[PDB]
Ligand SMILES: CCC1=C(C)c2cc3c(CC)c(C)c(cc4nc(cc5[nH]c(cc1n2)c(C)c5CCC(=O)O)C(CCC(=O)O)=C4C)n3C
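First, one chain by itself: the form solved without ligand MMP, in structure tokens.
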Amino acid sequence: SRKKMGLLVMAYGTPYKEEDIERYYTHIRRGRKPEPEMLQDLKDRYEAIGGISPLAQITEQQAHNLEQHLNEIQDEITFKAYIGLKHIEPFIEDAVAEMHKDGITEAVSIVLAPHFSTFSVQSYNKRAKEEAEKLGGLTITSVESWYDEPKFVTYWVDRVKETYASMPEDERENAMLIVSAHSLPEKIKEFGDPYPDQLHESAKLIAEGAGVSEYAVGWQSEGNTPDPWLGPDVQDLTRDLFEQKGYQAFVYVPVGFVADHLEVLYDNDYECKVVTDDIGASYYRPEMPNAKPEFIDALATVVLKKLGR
């Protein structure tokens, strides 16, 4: 009795082993192979965060748990998950071609980044749709953003609540919550890109839900290009806020990210921690969603709402 549908889960992508660093970053750098020192530095960062093998596995687990959960919570549709990536195989186009080959004629897609941007989400969605158009006989309805799904907001609200409950009374009263996402070039403003506004809205929703009156919005992990990227960067924001008001604890919620990848494990857990240790403040960074049941149910709800179910 069920209708079969493809579930196209898209993501930035991550290397599978250390030997993939070169090609993964060359792709990210638009064809410019990292110099030897940079290649070695990257290997060192990945070693520091515990290894590469767990990275892509989280993403795989997210798509797999999402598929099974969607299949268990409703009885009209049977979903088959397909992972499509931007910077390493399986690429977005490979996944759509596989759905077509397997006989899928109808699919719903969702990107594993909650905020919409012209730079990433819009482009991922456009690519998936152009491949389906090229092949024919297959259509895709794509989720554009989901940062405002209540269940997702609640996930972070409750992790933030636990973190503040865990602090000594003196920290609890002199803490600063920093909500961030991946920085992008400021030129996206030329298109009226809502990306910045959505991150600020996530920060408002989370702080408000957790009853946090002192918070700030920051960006992290910017690429190196001659044109300016969205700021302030979390490292600078932390120091400036400390110099101006003397906060004793900083809590980082990298809401734009959904997994324990390099951006969180190194750019927050190491780079932000260097700063907090330098100023004598405590560092807190609540658990990323990863493939936990609570997150998977939030994503399932986002997908069913998009299909009017």
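Residue numbers run from 1 along the displayed sequence. The term rigid core refers to the most C-alpha atoms you can superpose between the two forms while keeping them within 1.5 Å.
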{"item": "Greater root mean square CA deviation, 244 to 252 compared with 29 to 37 in 6 other deposited structures of this protein, core aligned", "value": "29 to 37"}
{"item": "Between the two ranges 169 to 177 and 215 to 223, the one averaging a larger CA B factor in the entry", "value": "169 to 177"}
{"item": "Between 204 to 212 and 106 to 114 (mean CA B-factor, as deposited), the higher", "value": "204 to 212"}
{"item": "C-alpha B-factor winner, where the candidates are 197, 149, 190, 72", "value": "190"}
{"item": "Given 78, 145, 123, 139, the residue at which the Cα B factor reaches its maximum", "value": "123"}
{"item": "Third of chain Cα B-factors occupied by residue 270", "value": "middle"}
{"item": "For residue 82, the third of its chain into which the C-alpha B factor falls", "value": "middle"}
{"item": "Ranked C-alpha temperature factor of residue 60 among modelled chain residues, by third", "value": "highest"}
{"item": "Residue 88 - which third its CA temperature factor falls in, relative to the rest of the chain", "value": "lowest"}
{"item": "Among modelled residues of the same chain, the CA temperature factor third for residue 38", "value": "highest"}
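The discussion below concerns the form deposited with ligand MMP bound, not included here.
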item	value
Sole residue of 273, 69, 43, 29 within 4.5 Å of ligand MMP in the deposited bound form, by heavy atom	29
The unique member of 187, 151, 159, 80 whose heavy atoms fall within 4.5 Å of ligand MMP in the deposited bound form	187
Triple contact flag 86, 223 and 263 to ligand MMP in the deposited bound form, non-hydrogen atom at 4.5 angstroms	yes
Partner-facing stretch of 139 to 147, 168 to 176, 208 to 216, 119 to 127, counted where any non-hydrogen atom is within 4.5 angstroms of ligand MMP in the deposited bound form	119 to 127
Contact test in the deposited bound form: residue 16 vs ligand MMP, heavy atoms, 4.5 Å	no
Partner proximity in the deposited bound form: residue 229 to ligand MMP, non-hydrogen atom cutoff 4.5 Å	yes
Exercise: residue 295 in contact with ligand MMP in the deposited bound form, heavy atom 4.5 Å	no
